[PDB]
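Quick notes on the structure that follows.
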Amino acid sequence: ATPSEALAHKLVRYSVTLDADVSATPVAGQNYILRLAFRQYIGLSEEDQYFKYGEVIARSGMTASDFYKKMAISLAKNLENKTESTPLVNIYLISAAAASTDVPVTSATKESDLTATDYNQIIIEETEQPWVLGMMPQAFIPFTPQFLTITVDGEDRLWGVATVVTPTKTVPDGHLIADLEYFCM
Amino acid sequence: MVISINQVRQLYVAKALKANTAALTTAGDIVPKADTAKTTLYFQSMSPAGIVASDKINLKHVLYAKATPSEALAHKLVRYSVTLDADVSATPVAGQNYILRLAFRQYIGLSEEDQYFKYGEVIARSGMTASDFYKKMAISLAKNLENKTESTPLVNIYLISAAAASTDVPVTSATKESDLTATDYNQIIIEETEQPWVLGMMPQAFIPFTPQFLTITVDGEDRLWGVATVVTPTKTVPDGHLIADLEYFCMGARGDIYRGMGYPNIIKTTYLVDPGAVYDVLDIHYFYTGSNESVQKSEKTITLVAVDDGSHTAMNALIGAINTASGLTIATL
Amino acid sequence: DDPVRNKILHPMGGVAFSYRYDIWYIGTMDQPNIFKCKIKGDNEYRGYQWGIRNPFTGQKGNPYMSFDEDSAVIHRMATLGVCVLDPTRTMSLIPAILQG
Amino acid sequence: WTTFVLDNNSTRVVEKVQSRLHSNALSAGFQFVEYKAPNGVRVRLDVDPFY
Amino acid sequence: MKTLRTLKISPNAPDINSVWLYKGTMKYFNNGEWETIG
Amino acid sequence: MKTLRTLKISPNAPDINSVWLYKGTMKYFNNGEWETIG
């Protein structure tokens with residue numbers, strides 16, 4: 001009785017921006033660190049937690065789009081390097097001219113590849129994990145992008161806002177019905 | 001409730017002023033009976049088990065006879081208005097945490113030494129309006145209060161918009177900031193609440209409070225951020241629950257005093273007061289003196305309760321029937 | 001800080017008698033400036049006015065009856081006093097809401 | 001508390017340790033685990049691994 | 001006559017006995033209010 | 001929340017925990033750069 005879109009898991013997206021109450025432009029001498037709190041890394045509990053980081057120290061005359069450009073390549077160099085045993089999370093950049101097409105950032109992508117200077121947000125989308133037909137079930141690693149405190153005036157405030165948006169990408173029905181017909185035999 | 005007595009108190013419920021005896025057929029009827037020479041006065045009233053006559057009032061020995069308008073026995077629920085005063089700041093200061101402490105007294109026990117404190121806190125922002133502060137302070141009060149799964153909260157928090165100025169928006173723990181859509185909220189109303197009541201066992205009581213503010217620092221000095229002013233009360237607690245507790249106590253000066261002690265083996269006392277109707281009261285205080293050595297007085301009182309229609313027609317008919325038969329002049333209310 | 005007796009609250013929290021600063025002894029005095037006064041003879045009295053029986057004592061039956069009501073009344077009396085010799089030797093600061 | 005200055009002879013937020021790298025080798029760190037309010041109020045911590 | 005031995009960078013008013021430095025201002029406590037220089 | 005305690009008169013910029021005074025321009029370290037008060 002299921003219309004086959006209900007059995008398709010929705011990949012969660014977080015749009016992280018600079019906090020407009022703190023500053024819409026990057027403070028110069030501070031460390032902007034984004035902490036990704038993964039919750040089911042290798043085991044199947046919420047007590048098996050893994051933490052990846054992206055650190056961008058700013059400099060003078062660094063606009064918001066150059067900061068979103070450099071944070072995404074700082075995230076992608078940590079999250080999708082050669083020393084990653086599983087696909088962990090997907091980094092994306094949306095420029096304000098398109099506002100619906102997300103520019104993919106990977107570890108091979110460097111700063112000369114990204115040139116549009118109207119980047120509005122960094123989208124961090126969760127990945128698909130490996131799947132064997134009967135040995136690896138379709139499980140996902142959930143996460144929450146977290147922020148550290150920057151010293152804006154003299155006080156320490158979180159530099160970002162992690163907004164959950166509508167999930168655009170859905171992993172289809174195929175890997176579960178194939179895994180169900182393995183079990184129901 | 002336990003009340004004091006001047007050696008006795010008798011209570012008779014007036015439901016219909018019959019003109020004479022043998023017209024008393026239903027329970028609650030009463031006739032004021034007296035002789036032609038106006039020496040003795042009594043009331044023949046139809047109890048739920050038959051006609052019963054009161055103790056005879058010697059009309060040379062009446063200390064006072066006065067009646068109560070039933071508006072003077074209703075308790076007013078106190079309202080407090082919480083506002084940001086213009087002397088400190090009429091707008092919320094951007095860095096200050098605004099804490100409003102409600103200081104209750106006569107909480108669960110019976111003394112002012114039993115104090116209870118509930119809180120409401122708002123830290124203001126740069127672009128916070130004074131109207132948006134009253135929306136957040138009322139909700140922050142409605143989370144610390146109105147959290148009782150058991151019963152009604154100790155106070156009710158309301159919001160008045162300046163465009164309305166007489167209709168109060170109710171703020172509950174369910175209420176979020178999306179539900180309050182006005183942009184001109186100017187005060188917070190912290191009203192009293194009627195406590196639970198059960199007949200004869202839990203008397204009618206109230207929990208007085210005081211909205212108290214903590215110091216914020218604006219011009220370098222720690223100033224109290226608000227002013228709590230007592231608005232005139234707009235809500236009343238009617239005369240039903242006090243008269244039903246009054247009949248309960250004063251029907252043990254005539255009937256059974258074991259009102260449910262050995263529980264299957266009891267005498268049931270049928271009461272005529274319903275607790276959901278207002279009642280005018282009429283007290284007649286008399287005494288008894290004996291002859292030649294027993295000159296001591298045995299002071300007594302007889303209480304008559306009559307239902308109120310607002311225009312006091314049942315008590316004024318009962319007073320006017322007494323003044324004809326007894327010759328006293330009780331003031332009609 | 002007794003909240004039953006004082007009954008007037010401060011805006012800064014608490015009860016307003018708690019903000020009252022009393023220096024009860026300015027300097028050393030040879031004798032007590034403030035003391036209670038008592039009479040050397042026993043001057044607290046007790047009395048019983050009653051009918052047939054006395055529940056205050058437990059005496060069933062009365063040789064000398066006060067009345068015929070069959071009740072019991074207790075009567076007590078006392079005399080007392082306080083002397084403050086010098087009131088210029090106690091300094092007080094009271095909040096202005098307590099004057100009236 | 002602009003009234004009082006907080007030195008290192010009392011709080012010891014930087015503390016001298018023994019290392020091979022230097023003679024005057026220093027540590028750094030502190031934490032506040034208690035507050036003492038006026039009129040006898042003291043609040044201490046109990047860090048439960050259940051919360 | 002009045003020594004202000006500290007200066008504090010904060011969006012909130014620090015204290016009577018310190019100097020309040022906010023973005024391009026240097027306020028201090030004088031005559032019961034905050035007086036900005038410049 | 002950042003307590004600056006010393007003011008320094010120098011023709012070039014001192015440490016970021018001190019106030020920079022030169023010839024009539026008070027500069028302090030806010031938002032990662034030296035902010036002139038005036």
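Simple scheme: letters A, B, ... for chains in structure tokens order, numbers from 1 for residues in each chain, numbers from 1 for ligands in the order shown.
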- Message: List as a PyMOL selection string the protein and nucleic acid residues near residue A:58, meaning an atom at most 12 Å away when only C-alpha atoms are counted, but skip any in the same chain fewer than 2 places from it.
- Response: (chain A and resi 25-33+55-56+60-64+66-71+150) or (chain F and resi 31-33)
Write to file, as a PDB file, in the first residue's frame, the residues of the selection just made, with N, CA and C atoms.
```pdb
ATOM      1  N   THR A  25      29.919  39.956   8.360  1.00  0.00           N
ATOM      2  CA  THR A  25      31.244  39.926   7.775  1.00  0.00           C
ATOM      3  C   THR A  25      32.206  39.253   8.748  1.00  0.00           C
ATOM      4  N   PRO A  26      33.196  38.509   8.254  1.00  0.00           N
ATOM      5  CA  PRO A  26      34.098  37.765   9.150  1.00  0.00           C
ATOM      6  C   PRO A  26      34.997  38.687   9.961  1.00  0.00           C
ATOM      7  N   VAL A  27      35.019  38.461  11.278  1.00  0.00           N
ATOM      8  CA  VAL A  27      35.983  39.117  12.152  1.00  0.00           C
ATOM      9  C   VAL A  27      37.384  38.649  11.766  1.00  0.00           C
ATOM     10  N   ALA A  28      38.354  39.563  11.831  1.00  0.00           N
ATOM     11  CA  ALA A  28      39.635  39.333  11.163  1.00  0.00           C
ATOM     12  C   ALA A  28      40.522  38.352  11.921  1.00  0.00           C
ATOM     13  N   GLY A  29      40.907  38.688  13.145  1.00  0.00           N
ATOM     14  CA  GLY A  29      41.928  37.902  13.808  1.00  0.00           C
ATOM     15  C   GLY A  29      41.487  36.611  14.458  1.00  0.00           C
ATOM     16  N   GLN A  30      40.239  36.198  14.279  1.00  0.00           N
ATOM     17  CA  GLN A  30      39.687  35.082  15.031  1.00  0.00           C
ATOM     18  C   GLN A  30      39.769  33.772  14.252  1.00  0.00           C
ATOM     19  N   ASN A  31      39.596  32.674  14.983  1.00  0.00           N
ATOM     20  CA  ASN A  31      39.521  31.335  14.414  1.00  0.00           C
ATOM     21  C   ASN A  31      38.056  30.947  14.266  1.00  0.00           C
ATOM     22  N   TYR A  32      37.642  30.659  13.039  1.00  0.00           N
ATOM     23  CA  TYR A  32      36.281  30.214  12.757  1.00  0.00           C
ATOM     24  C   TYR A  32      36.320  28.699  12.609  1.00  0.00           C
ATOM     25  N   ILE A  33      35.852  27.992  13.633  1.00  0.00           N
ATOM     26  CA  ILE A  33      35.922  26.537  13.692  1.00  0.00           C
ATOM     27  C   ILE A  33      34.505  25.983  13.687  1.00  0.00           C
ATOM     28  N   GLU A  55      38.626  24.441  10.106  1.00  0.00           N
ATOM     29  CA  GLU A  55      39.138  25.659  10.723  1.00  0.00           C
ATOM     30  C   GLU A  55      39.617  26.619   9.648  1.00  0.00           C
ATOM     31  N   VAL A  56      39.078  27.836   9.655  1.00  0.00           N
ATOM     32  CA  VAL A  56      39.531  28.910   8.779  1.00  0.00           C
ATOM     33  C   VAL A  56      39.783  30.140   9.639  1.00  0.00           C
ATOM     34  N   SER A  60      42.438  40.285   6.844  1.00  0.00           N
ATOM     35  CA  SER A  60      41.825  41.570   6.542  1.00  0.00           C
ATOM     36  C   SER A  60      41.236  41.576   5.138  1.00  0.00           C
ATOM     37  N   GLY A  61      40.080  42.221   4.997  1.00  0.00           N
ATOM     38  CA  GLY A  61      39.422  42.302   3.708  1.00  0.00           C
ATOM     39  C   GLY A  61      38.831  40.999   3.219  1.00  0.00           C
ATOM     40  N   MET A  62      38.558  40.065   4.124  1.00  0.00           N
ATOM     41  CA  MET A  62      37.943  38.790   3.771  1.00  0.00           C
ATOM     42  C   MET A  62      36.431  38.956   3.838  1.00  0.00           C
ATOM     43  N   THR A  63      35.780  38.927   2.679  1.00  0.00           N
ATOM     44  CA  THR A  63      34.333  39.063   2.630  1.00  0.00           C
ATOM     45  C   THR A  63      33.664  37.760   3.065  1.00  0.00           C
ATOM     46  N   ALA A  64      32.331  37.788   3.105  1.00  0.00           N
ATOM     47  CA  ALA A  64      31.576  36.618   3.534  1.00  0.00           C
ATOM     48  C   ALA A  64      31.653  35.499   2.507  1.00  0.00           C
ATOM     49  N   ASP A  66      34.192  34.892   0.451  1.00  0.00           N
ATOM     50  CA  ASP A  66      35.517  34.284   0.469  1.00  0.00           C
ATOM     51  C   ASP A  66      35.678  33.395   1.696  1.00  0.00           C
ATOM     52  N   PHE A  67      34.983  33.727   2.784  1.00  0.00           N
ATOM     53  CA  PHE A  67      35.008  32.886   3.975  1.00  0.00           C
ATOM     54  C   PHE A  67      34.230  31.594   3.762  1.00  0.00           C
ATOM     55  N   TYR A  68      33.071  31.674   3.103  1.00  0.00           N
ATOM     56  CA  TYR A  68      32.323  30.467   2.766  1.00  0.00           C
ATOM     57  C   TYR A  68      33.058  29.628   1.732  1.00  0.00           C
ATOM     58  N   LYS A  69      33.850  30.272   0.875  1.00  0.00           N
ATOM     59  CA  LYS A  69      34.668  29.552  -0.093  1.00  0.00           C
ATOM     60  C   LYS A  69      35.770  28.765   0.601  1.00  0.00           C
ATOM     61  N   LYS A  70      36.429  29.384   1.578  1.00  0.00           N
ATOM     62  CA  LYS A  70      37.580  28.758   2.212  1.00  0.00           C
ATOM     63  C   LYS A  70      37.164  27.769   3.297  1.00  0.00           C
ATOM     64  N   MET A  71      35.983  27.946   3.892  1.00  0.00           N
ATOM     65  CA  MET A  71      35.517  26.980   4.882  1.00  0.00           C
ATOM     66  C   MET A  71      35.093  25.676   4.219  1.00  0.00           C
ATOM     67  N   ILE A 150      33.575  32.982  18.848  1.00  0.00           N
ATOM     68  CA  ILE A 150      34.507  33.975  18.335  1.00  0.00           C
ATOM     69  C   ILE A 150      34.371  35.231  19.182  1.00  0.00           C
TER      70      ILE A 150
ATOM     71  N   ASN F  31      37.580  43.856  16.593  1.00  0.00           N
ATOM     72  CA  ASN F  31      37.206  43.157  15.354  1.00  0.00           C
ATOM     73  C   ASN F  31      38.426  42.828  14.496  1.00  0.00           C
ATOM     74  N   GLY F  32      39.541  42.504  15.149  1.00  0.00           N
ATOM     75  CA  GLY F  32      40.733  42.061  14.458  1.00  0.00           C
ATOM     76  C   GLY F  32      41.625  43.152  13.907  1.00  0.00           C
ATOM     77  N   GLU F  33      41.197  44.410  13.940  1.00  0.00           N
ATOM     78  CA  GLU F  33      41.992  45.522  13.444  1.00  0.00           C
ATOM     79  C   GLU F  33      42.026  46.641  14.476  1.00  0.00           C
TER      80      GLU F  33
END
```
Could you give me, as a PDB file with C-alpha atoms, in the first residue's frame, each residue of chain D that DSSP assigns to strand (DSSP E or B) when run on this structure's backbone?
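Saved result, part.pdb, follows:
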```
ATOM      1  CA  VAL D  14      49.401  29.136  35.144  1.00  0.00           C
ATOM      2  CA  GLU D  15      51.405  26.672  37.218  1.00  0.00           C
ATOM      3  CA  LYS D  16      55.040  25.593  37.050  1.00  0.00           C
ATOM      4  CA  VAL D  17      55.598  21.939  36.132  1.00  0.00           C
ATOM      5  CA  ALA D  25      58.204  25.046  32.308  1.00  0.00           C
ATOM      6  CA  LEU D  26      54.615  26.101  32.828  1.00  0.00           C
ATOM      7  CA  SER D  27      51.127  24.621  32.742  1.00  0.00           C
ATOM      8  CA  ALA D  28      47.945  26.568  32.061  1.00  0.00           C
ATOM      9  CA  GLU D  34      31.741  26.593  43.270  1.00  0.00           C
ATOM     10  CA  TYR D  35      30.044  29.942  43.883  1.00  0.00           C
ATOM     11  CA  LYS D  36      29.529  31.511  47.316  1.00  0.00           C
ATOM     12  CA  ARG D  42      27.033  28.083  48.856  1.00  0.00           C
ATOM     13  CA  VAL D  43      26.495  26.143  45.629  1.00  0.00           C
ATOM     14  CA  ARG D  44      28.771  23.199  44.775  1.00  0.00           C
TER      15      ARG D  44
END
```
- atom CA of residue B:31 and atom CA of residue B:43, how far apart in Å?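 Pair atom CA of residue B:43 / atom CA of residue B:31 returns 5.7 Å.
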- Output as a PyMOL selection string the set of chain E residues within 12 Å of chain B, with distances taken over only C-alpha atoms. chain E and resi 10-20+27-35
- For chain B, which residues have at least one atom within 12 Å of chain A, if we go by only C-alpha atoms? Write them as JSON, numbers by chain, please. {"B": [95, 125, 126, 127]}
- When the cut-off is 12 Å and we count only C-alpha atoms, which residues of chain F are near chain D, given as a PyMOL selection string? chain F and resi 1-5
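The list of chain B residues within 7 Å of chain C is residues 112, 113, 212 and 294 of chain B; this uses only C-alpha atoms.
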- Message: Rounded to one decimal, what separation in Å do you get between atom CA of residue C:64 and atom CA of residue C:78?
- Response: 25.4 Å
Polymer residues at most 6 Å from stretch 164-177 of chain A, only C-alpha atoms, same-chain spacing of 3 or more positions, as a CSV table (one decimal) with N, CA and C atoms, in the first residue's frame:
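This went into result_21.csv:
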```
chain,number,residue,atom,x,y,z
A,7,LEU,N,9.3,5.0,1.2
A,7,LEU,CA,10.5,4.1,1.6
A,7,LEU,C,11.8,4.7,1.1
A,8,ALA,N,11.8,5.9,0.7
A,8,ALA,CA,13.1,6.6,0.2
A,8,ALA,C,13.5,7.6,1.3
A,9,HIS,N,14.7,7.3,1.9
A,9,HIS,CA,15.2,8.1,3.0
A,9,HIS,C,15.7,9.5,2.5
A,10,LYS,N,15.4,10.5,3.2
A,10,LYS,CA,15.7,11.9,2.8
A,10,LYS,C,17.0,12.3,3.5
A,11,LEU,N,18.0,12.7,2.6
A,11,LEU,CA,19.3,13.1,3.1
A,11,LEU,C,19.1,14.5,3.8
A,12,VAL,N,19.6,14.6,5.0
A,12,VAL,CA,19.4,15.8,5.8
A,12,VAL,C,20.4,16.9,5.3
A,13,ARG,N,20.0,18.1,5.2
A,13,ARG,CA,20.8,19.2,4.8
A,13,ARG,C,20.9,20.3,5.9
A,14,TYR,N,22.0,20.8,6.2
A,14,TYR,CA,22.2,22.0,7.1
A,14,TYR,C,22.8,23.1,6.3
A,180,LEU,N,15.3,-6.6,1.5
A,180,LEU,CA,14.1,-7.3,2.1
A,180,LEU,C,13.9,-8.7,1.5
```
- Nearby residues (only C-alpha atoms) at most 8 Å from stretch 274-290 of chain B, same-chain spacing under 2 positions excluded, as a PyMOL selection string: chain B and resi 57-58+61-70+238-244+271-272+292-308+312+315
Residues near residue A:50, cut-off 8 Å, only C-alpha atoms, skip fewer than 3 positions along chain, as a tab-separated table (two decimals) with N, CA, C and O atoms, in the first residue's frame:
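File produced: out-v6.tsv:
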```tsv
chain	number	residue	atom	x	y	z
A	37	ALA	N	29.38	16.95	14.59
A	37	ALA	CA	29.18	15.94	15.62
A	37	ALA	C	28.42	14.76	15.02
A	37	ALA	O	27.19	14.76	14.98
A	38	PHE	N	29.16	13.75	14.57
A	38	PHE	CA	28.53	12.55	14.04
A	38	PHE	C	28.14	11.64	15.19
A	38	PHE	O	28.77	11.64	16.25
A	39	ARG	N	27.08	10.86	14.99
A	39	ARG	CA	26.42	10.19	16.11
A	39	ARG	C	26.41	8.67	16.03
A	39	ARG	O	26.32	8.03	17.08
A	40	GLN	N	26.46	8.07	14.84
A	40	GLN	CA	26.55	6.61	14.71
A	40	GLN	C	27.69	6.32	13.74
A	40	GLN	O	27.46	6.09	12.56
A	41	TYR	N	28.92	6.30	14.25
A	41	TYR	CA	30.07	6.29	13.34
A	41	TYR	C	30.34	4.90	12.79
A	41	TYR	O	30.21	4.66	11.58
```
- Task: Figure out the distance between atom CA of residue D:4 and atom CA of residue A:151, please, to one decimal in Å.
- Result: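 For atom CA of residue A:151 relative to atom CA of residue D:4, the distance reads 23.8 Å.
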Would you list the contacts of residue B:59 as a short mmCIF file (atom, residue, chain, number, x, y, z; two decimals) with N, CA, C and O atoms, in the first residue's frame, taking every protein, DNA or RNA residue within 7 Å and counting only C-alpha atoms, but skipping same-chain residues closer than 5 positions in sequence?
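In the end it all went to out.cif:
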```cif
data_model
loop_
_atom_site.label_atom_id
_atom_site.label_comp_id
_atom_site.auth_asym_id
_atom_site.auth_seq_id
_atom_site.Cartn_x
_atom_site.Cartn_y
_atom_site.Cartn_z
N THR B 39 -44.49 39.45 71.36
CA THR B 39 -43.58 39.14 72.46
C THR B 39 -42.54 38.09 72.08
O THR B 39 -41.38 38.21 72.47
N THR B 40 -42.94 37.06 71.33
CA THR B 40 -42.04 35.99 70.94
C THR B 40 -42.03 35.86 69.42
O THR B 40 -43.02 36.14 68.75
N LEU B 41 -40.87 35.47 68.89
CA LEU B 41 -40.68 35.30 67.46
C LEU B 41 -39.95 33.99 67.20
O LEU B 41 -39.00 33.65 67.90
#
```
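Look at residue B:27: the protein and nucleic acid residues within 12 Å of it, using only C-alpha atoms and passing over chain neighbours fewer than 4 places away, are residues 12, 13, 14, 15, 16, 17, 18, 23, 44, 45, 46, 47, 48, 49, 50, 51, 52, 270, 271, 272 and 273 of chain B.
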- Task: Output as a list in words all residues of stretch 100-214 of chain B that backbone DSSP marks as alpha helix (DSSP H).
- Result: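 Matching residues, listed in order: residues 130, 131, 132, 133, 134, 135, 136, 137, 138, 139, 140, 141, 142, 143 and 144 of chain B.
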